[PDB]
Amino acid sequence: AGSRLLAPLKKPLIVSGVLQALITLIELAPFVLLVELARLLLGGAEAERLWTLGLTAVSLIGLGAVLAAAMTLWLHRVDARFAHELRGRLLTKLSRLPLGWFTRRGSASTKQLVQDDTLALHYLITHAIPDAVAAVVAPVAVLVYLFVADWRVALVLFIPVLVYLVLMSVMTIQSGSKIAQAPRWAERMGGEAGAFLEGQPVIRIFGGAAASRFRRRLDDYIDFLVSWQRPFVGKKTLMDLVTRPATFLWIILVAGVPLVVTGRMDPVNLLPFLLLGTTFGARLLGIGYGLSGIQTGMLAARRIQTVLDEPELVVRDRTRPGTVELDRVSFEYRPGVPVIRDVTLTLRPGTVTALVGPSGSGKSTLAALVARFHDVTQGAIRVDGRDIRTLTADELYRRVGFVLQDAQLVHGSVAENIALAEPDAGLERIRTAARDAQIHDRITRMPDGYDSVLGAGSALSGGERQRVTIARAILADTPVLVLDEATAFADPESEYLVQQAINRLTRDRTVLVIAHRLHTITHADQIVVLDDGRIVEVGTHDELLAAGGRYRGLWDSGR
Amino acid sequence: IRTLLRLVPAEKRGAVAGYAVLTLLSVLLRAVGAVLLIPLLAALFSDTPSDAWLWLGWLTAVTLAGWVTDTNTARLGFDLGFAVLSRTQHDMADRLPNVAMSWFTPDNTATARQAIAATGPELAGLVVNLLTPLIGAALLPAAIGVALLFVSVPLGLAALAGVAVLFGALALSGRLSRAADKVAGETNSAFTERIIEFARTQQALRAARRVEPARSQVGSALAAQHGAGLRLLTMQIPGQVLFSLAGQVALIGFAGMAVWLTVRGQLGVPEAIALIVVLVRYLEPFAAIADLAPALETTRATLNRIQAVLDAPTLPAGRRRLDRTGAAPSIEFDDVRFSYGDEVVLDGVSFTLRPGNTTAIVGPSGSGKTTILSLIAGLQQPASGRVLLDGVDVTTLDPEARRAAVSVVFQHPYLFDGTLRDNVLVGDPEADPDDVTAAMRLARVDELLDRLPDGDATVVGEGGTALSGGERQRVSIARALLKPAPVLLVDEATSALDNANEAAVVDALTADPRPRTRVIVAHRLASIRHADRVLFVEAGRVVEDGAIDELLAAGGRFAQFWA
Ligand SMILES: [Mg+2]
Ligand SMILES: [Mg+2]
Ligand SMILES: [Zn+2]
């Protein structure tokens, strides 16, 4: 389940277990030396023996601290290196999953997966095994040595250990369910936080601050944290007081002084307990805090490996230029919800194909299938004969360029947004691409020029960021172009100019045009009317009007 | 610690004072408990060990008082941490809608996202996770040093001298690792923003092939973030070394002074052996502070982001209210001027909209007509000049009265992650279902209900990405029409709609029964058939105005614009 993800850290983890076992034994060694120093100090020994034990104890305190610092330096390096590798793998996997994965999962979830879950693996892969071996070997080694010295005071040391273990177990059981629900709550709040910032104009005008969904779920989330963290922290601090060194030192003396005052024990034998008996408490508290971290890490591994095991857009082995050929294509976003029904359509070089119809009829889905964002449930789509399932991403997207309905722009310079398909393209190419899309005139008036940033609160208008995406597709210069509602927001004058530029560029190219402005697609060699996911009529503009089909109704409604 | 007191509410200042008193009392009891061992073992090894009962009783009383105080400090720290969390998050949630529109720069939007994203348990239990042990560990060796003065003045001075190097190591460790940690925090925030962009812009990134880590923006951000992350681990080495040296120096100073007194006879052997245990208790905070110090800078960055959002410049607002029971107000621009930074959008634009009439705004793209609607709705405000609703300056209006007066269909229709009905109900949550169904019918949403599998319970994605462009537009239109605002601003409600749905919705906007002042932005003449007056907005100024047929007959820019 989770161990499949952490297999590459096989040997570093065992080495950490062994090294921390040796290191904590080195840390216990000075206190045994200082006990021997104390016994000789009461005995009036020669000063050379006192100096030898004393200086060796101080030296091993330095050695233990130095080795502990050296281990965690290396182990945090290993954790950072693995997290960087794992994040790279997650980005590579997400780069080729079916694109309905992102739509149903959202963007807050992706942020949690790539960044927060790999961060949640921190305590598991750099703090869990060292704390576990330390919390085992040191109480075992100490309690055995102090059992040998005097079992009578060792039993009162067992008492807080049993009390601590009861607190550890009930806390782990009680907080286990809440920790499992925690990543879901953070996922949901991440979605609300993103929507609260992205959909700010909706939040302002509609509902306002008080009535917004964000505060409604914020109160639920903070209430969940209070209900989870209150008993959790309550047990967390009782573990401190039970395992506190002062608490051990008190209970050692409570069982020592009555024996010392009476004739049941010699005070020399209290020296191991006072010096060693207080030192294993802080190590037991490690895993006491760490079981929650181990639970969170293991679930985080499960949530990561479940995505790396996700099915992807695999490339097949089977293995006219510019010809996109749909053949008996069908597709359903959800099982049992057919959005495309037995579509057969051939896109040929030199032809401009217009895809019109009622809204919600599956036109953009058909364009997305051409991009292979989703694989067709039935039939096949072929580009130059090759099925797209036999094409790599480089081979596929070097042939088909896309202008999408959502004019998405990336945070960065305007040149970086236009030069997304080819970041190494010269600035002269970017200027000509922008001039073709009729956006260069606007770009020159920006304060920083082409280097100006297009983040939130500094973005262009709807009609202008759309022309940037058209400029992006023009710069790509693919043998096949797919215009998913270009000039949706452009005015009739800008619409005419950019369409004229597009019609200039793509004479030898294959064009698929999705358009609601039916006056812009009257020149198309092939108008395809898509209604309810199935083609209902095909032909030229004059043929469709003469037929009197659905196109005639929509054309009449446009007047 | 200084920044935390600013975020604490004035309500909870009473608990903070109790928290500080208990934290200081807790540290004193821990020091007295450690130093009480010295009289205890001094009497225990004597020829009359029964004298140790007096000191054991004080040790027990100090210990039980330590349990009570530290439990109450934990309880108060828990309440203070969540009290700070609840109040600061509500303040950010209540302030951000009032923050000016220009404040949401990509860096500021990243800051706002990180501040809200800090709601997790790490910020909640801050006072118990960080401040309580940090204050305890820092003050414990000082408290032991002060307490040792009662036993032996030079010995306590030696412990205090050991405390001096501890604060010195703490300061140098902070100053050395601050720059690396600041860069690590900046790069980590950058990586988060690129992941969000990576998931949101996944369609366009894939088509442009900027999606592999070797090529993508997120891949470069990951490389920078990992490089900064390893540099932070490198620059924390001197912090670890300096704390270790501070511990060794304190150990040498403490042990040497105790040995020097023992040789001189001012300190008995049992006291010295008791001081070995006190030395161990004295050196434990030198290791605890080393583990707590790295988290201190990260927390300071987090609270800095929270304070930055709470310090954002709220939009001006007043307390005037319209005297209308949802009746149509008049609208006017009085020499309005507006700019985004150095770019002037509007300059000298002036018009008057009659209450019951429908007005159209048209012109080229990038001409400032969405800015006109945003100024009417109050999302923006003029740099100079004034916009009036019903003769009342909107900047002086109550924000509740400002947003209850306008309902808007936005150009890019955003829908929240949820059912289709919930997005419609955002316009008026207390709406009668008869009124909701009327709103859905007018917006042609009834086609979606009959055609979609799940009806109005259809789940929408982040944004309106799980629906088609023309379907999220109709849901947003239903959302706007459900609200009973007397001013209806329509910002291209038929951009992504087919001709049939466009005609049906356009008829519905004029057929909306209640009286309103309607302002419509359109690039399609079929969608402004009912508008009584026109405002041709070109180059940021209303070039011409009139009726549609009037301007068409005039042969001005209107006729060519619709050629
Ligand atoms: Mg679409
Ligand atoms: Mg606009
Ligand atoms: Zn760590």
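The scheme used for residues numbers each chain from 1 in its written sequence order. That scheme is not guaranteed to match the entry numbering, and residues without coordinates are omitted from view. Both sets of labels track the order of writing: A upward for chains, 1 upward for ligands. Water and hydrogen atoms play no part in the side-chain values, which are based on all heavy atoms of the structure.

## A few points about helix α8 (residues 153-200) of chain B
And then number 1: Segments assigned H or I by DSSP are reported as helices when at least four residues long, segments assigned E as strands when at least two residues long, and all are numbered from the N terminus. Each helix should span, by expectation, one fewer than its residue count multiplied by 1.5 Å. Between its first and last C-alpha, α8 of chain B extends 67 Å over 48 residues, near the 70 Å set by a 1.5 Å rise per residue.
And then number 2: Bend, in this description, refers to the angle at a residue between axes fitted to the seven residues ending there and the seven starting there. Its axis deflected by about 45 degrees at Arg178 of chain B, α8 of chain B carries its strongest bend there.

## As for the pairing of strand β4 (residues 384-389) of chain B
Residue and element names in this part refer to chain B.
And then number 1: By the bridge criterion, five bridges tie strand β1 (residues 331-340) to β4 in an arrangement that is antiparallel. The partner of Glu332 across the bridge, within β4, is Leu388.
And then number 2: For two strands to pair, DSSP has to find at least two bridges joining them. In this structure, β4 lies alongside strand β5 (residues 392-393), joined through two bridges in antiparallel fashion. For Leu388, the partnering residue across the bridge sits in β5 and is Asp393.
And then number 3: Following β4, the chain reverses through two residues before pairing antiparallel with β5; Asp390 in that reversal takes a positive phi of roughly 60 degrees.

## Observations regarding the UniProt feature "binding site: ATP" in chain B
Residues and elements named next belong to chain B.
And then number 1: UniProt positions are given in the numbering used here, feature names are shortened, and annotations may be inferred rather than shown by experiment. The positions UniProt marks with the feature "binding site: ATP" are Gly363, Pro364, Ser365, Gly366, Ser367, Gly368, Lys369 and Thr370.
And then number 2: Tracing the sequence through the fold places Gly368 in the loop between β3 (358-362) and α13 (369-377).
And then number 3: With a 1.4 Å probe rolled over the protein chains alone, any residue whose accessible area is under 20% of its type maximum counts as buried; one over 50% counts as exposed, and the rest are partly exposed. Among the residues examined, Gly368 registers a relative accessible area of 12% and is labelled buried.
And then number 4: Whether two residues touch is decided by their heavy atoms; if any such pair falls within 4.5 Å, the residues are in contact. If sequence neighbours within four positions are ignored, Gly368 has contacts with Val345 and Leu346.
And then number 5: Note that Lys369 resides in helix α13.
And then number 6: Relative accessible area serves as the criterion here: at 5%, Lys369 is assigned to the buried category.
And then number 7: Ignoring any residue separated from it by four or fewer positions in sequence, one finds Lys369 in contact with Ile361, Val362, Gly363, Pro364, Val521, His523 and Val537.

## Observations regarding the coordination of the magnesium ion (ligand 1)
All names here are of chain A.
And then number 1: Note on the magnesium ion (ligand 1): its protein donors are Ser364 (OG) and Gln405 (OE1). The metal-donor distances range over 2.0 to 2.2 Å. A residue pair is termed long-range when its members are at least 10 positions apart, and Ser364 in helix α13 (residues 363-371) and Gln405 in the loop between β6 (400-403) and α15 (414-418) qualify at 41 residues.
And then number 2: For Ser364, a relative accessible area of 28% puts it in the partly exposed group. Metal-coordinating donors are taken as N, O and S atoms lying within 2.8 Å of the metal, or within 3.2 Å when the metal is Na, K or Ca; because water is left out, some sites can appear incomplete.

## Comments concerning the coordination of the magnesium ion (ligand 2)
All names here are of chain B.
And then number 1: Every protein donor of the magnesium ion (ligand 2) is listed here as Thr370 (OG1) and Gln411 (OE1), and their distances to the metal cover 1.9 to 2.0 Å. Taken together, the positions of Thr370 in helix α13 and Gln411 in the loop between β6 (406-409) and α15 (420-425) put the pair 41 residues apart, joining distant regions of the chain.
And then number 2: Residue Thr370 is classed as partly exposed on the basis of its relative accessible area, which comes to 32%.
And then number 3: On the basis of relative accessibility, which here comes to 10%, the residue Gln411 falls in the buried class.

## Focus: the UniProt feature "transmembrane region" in chain B
All names here are of chain B.
And then number 1: Taking the numbering used here, the UniProt-annotated feature "transmembrane region" corresponds to residues 25-45, 48-68, 126-146, 147-167, 241-261 and 272-292.
And then number 2: A helix fraction of 100% and a strand fraction of 0% characterise residues 126-146, whose end C-alpha atoms lie 29 Å from each other.
And then number 3: Taken as a whole, residues 272-292 contains 100% helix and 0% strand, while its terminal C-alpha atoms sit 31 Å from one another.

## A word on the packing of aromatic side chains
And then number 1: A pair of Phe, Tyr and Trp rings is counted when the ring centres sit within 6.5 Å of each other, with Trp represented by its six-membered ring. The angle between the planes then sorts it: under 30 degrees is stacked, over 60 is edge-to-face, the rest tilted. Tallied over the entire structure, the rule returns 21 aromatic pairs over all chains.
And then number 2: Each ring, one from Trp250 of chain A and one from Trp67 of chain B, has its centre 5.3 Å from the other, and the planes form 90 degrees; the classification is edge-to-face. Of this pair, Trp250 of chain A sits in helix α10 (residues 245-261) while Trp67 of chain B sits in helix α4 (residues 52-95), placing the two residues on different chains.
And then number 3: Residue classification places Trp250 of chain A among the buried residues on the basis of a relative accessible area of 15%.
And then number 4: On the basis of relative accessibility, which here comes to 27%, the residue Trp67 of chain B falls in the partly exposed class.

## A look at the environment of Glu550 of chain B
Residues and elements named next belong to chain B.
And then number 1: Relative to the helices and strands, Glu550 is located in helix α20 (residues 548-554).
And then number 2: When the C-alpha positions of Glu550 and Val534 are compared, they lie 9.6 Å apart, and in sequence the two are 16 residues distant.
And then number 3: In terms of polar contacts, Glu550 uses its side chain to reach the backbone amide nitrogen of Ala547, at 3.3 Å. In protein, a polar contact means a hydrogen-donor-capable atom and an acceptor-capable atom, both N or O and within 3.5 Å, with residues adjacent in sequence counting only if both atoms are side-chain atoms; elsewhere, any N or O pair within 3.5 Å suffices.

## Here's the deal with the UniProt feature "transmembrane region" in chain A
Residue and element names in this part refer to chain A.
And then number 1: Taking the numbering used here, the UniProt-annotated feature "transmembrane region" corresponds to residues 13-33, 55-75, 128-148, 153-173, 241-261 and 270-290.
And then number 2: Helix makes up 100% of residues 13-33 and strand 0%, with an end-to-end C-alpha separation of 31 Å.
And then number 3: Taken end to end, residues 55-75 is 100% helix and 0% strand, and its two terminal C-alpha atoms sit 30 Å from one another.

## As for the side chain of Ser292 of chain A
And then number 1: Inspection of the secondary structure puts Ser292 of chain A in helix α12 (residues 281-308).
And then number 2: Here the side chain of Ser292 of chain A touches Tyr289 of chain A through a polar contact of 3.2 Å, landing on its backbone oxygen.

## Digging into the sheet that holds β5 of chain B
Residues and elements named next belong to chain B.
And then number 1: If you walk across this open sheet you meet the four strands as β2-β1-β4-β5, and the pairing is antiparallel. The sheet is open, and its two edges are formed by β2 (343-353) and β5, each paired on a single side.
And then number 2: Of the strand pairs in this sheet, β1 and β2 are connected by eight bridges, and their pairing is antiparallel. Paired with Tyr340 across the strands is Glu343, a residue of β2.
And then number 3: Running at roughly 115 degrees to β1, α13 makes contact with β1, β2 and β4 of the sheet. Lines fitted to the C-alpha atoms define the axes, with helices restricted to the stretch that makes contact. Angles between their N-to-C directions range from 0 to 180 degrees.

## Remarks on the domain arrangement of chain B
Many authors give the size of an interface as the accessible area that is lost as the parts come together.
And then number 1: The assigned domain composition of chain B is domain 1 (12-308) and domain 2 (331-563).
And then number 2: Taking only C-alpha atoms into account, the centre of domain 1 of chain B sits 54 Å from that of domain 2 of chain B. Segmentation of the chain into domains, including their bounds, is taken from an automatic or database domain assignment.

## Observations regarding the interface of chain A and chain B
And then number 1: Counting from both sides, the interface comprises 136 residues of chain A and, opposite them, 141 residues of chain B.
And then number 2: Carbon and sulfur atoms supply 66% of the area that chain A and chain B bury against each other, a total of about 12500 Å² over both sides.
And then number 3: Here, a salt bridge means any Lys or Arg side-chain nitrogen found within 4 Å of an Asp or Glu carboxyl oxygen. At the junction of chain A and chain B, the tally comes to seven salt bridges.
And then number 4: Across the pair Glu198 of chain A and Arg200 of chain B runs a salt bridge, and its minimum N-O distance is 3.6 Å.
And then number 5: Here the element with the most residues in the side of chain A that touches chain B is helix α9 (residues 213-243) of chain A; it accounts for 16 residues. A 1.4 Å probe defines the accessible area here, and the buried area is the portion of it lost by two parts on being joined, summed over both.

## Observations regarding the pairing of strand β7 (residues 487-491) of chain B
All names here are of chain B.
And then number 1: For β7, a buried count of five out of five residues is recorded, marking the element as mostly surrounded by other parts of the structure.
And then number 2: A two-sided burial pattern is seen for β7, the buried positions comprising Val487, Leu489 and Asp491 on one face and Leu488 and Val490 on the other.
And then number 3: Here β6 pairs with β7 via four bridges, running parallel. Looking at β7, one finds that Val406 is bridged to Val487.

## Re helix α7 (residues 151-198) of chain A
And then number 1: The terminal C-alpha atoms of α7 of chain A, which comprises 48 residues, lie 66 Å apart, in line with the 70 Å expected from a rise of 1.5 Å per residue.
And then number 2: Along α7 of chain A, the sharpest change in direction is near 40 degrees and occurs at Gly176 of chain A.

## Considering the sheet that holds β3 of chain B
Residue and element names in this part refer to chain B.
And then number 1: Pairing is mixed across the open sheet formed by six strands, whose spatial order is β6-β7-β8-β3-β9-β10. Looking at the sheet topology across the chains shown, the edges are occupied by β6 and β10 (541-546). Across the sheet, the mean angle from the axis of one strand to that of its neighbour is 20 degrees, orientation sign disregarded.
And then number 2: Pairing of β3 with strand β9 (residues 533-538), which is carried by four bridges, proceeds in the parallel orientation. The partner of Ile361 across the bridge, within β9, is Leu535.
And then number 3: The strands touched by α13 are β3, β6, β7, β8 (517-521) and β9; relative to β7, the strand with the most contacts, the crossing angle is about 155 degrees.

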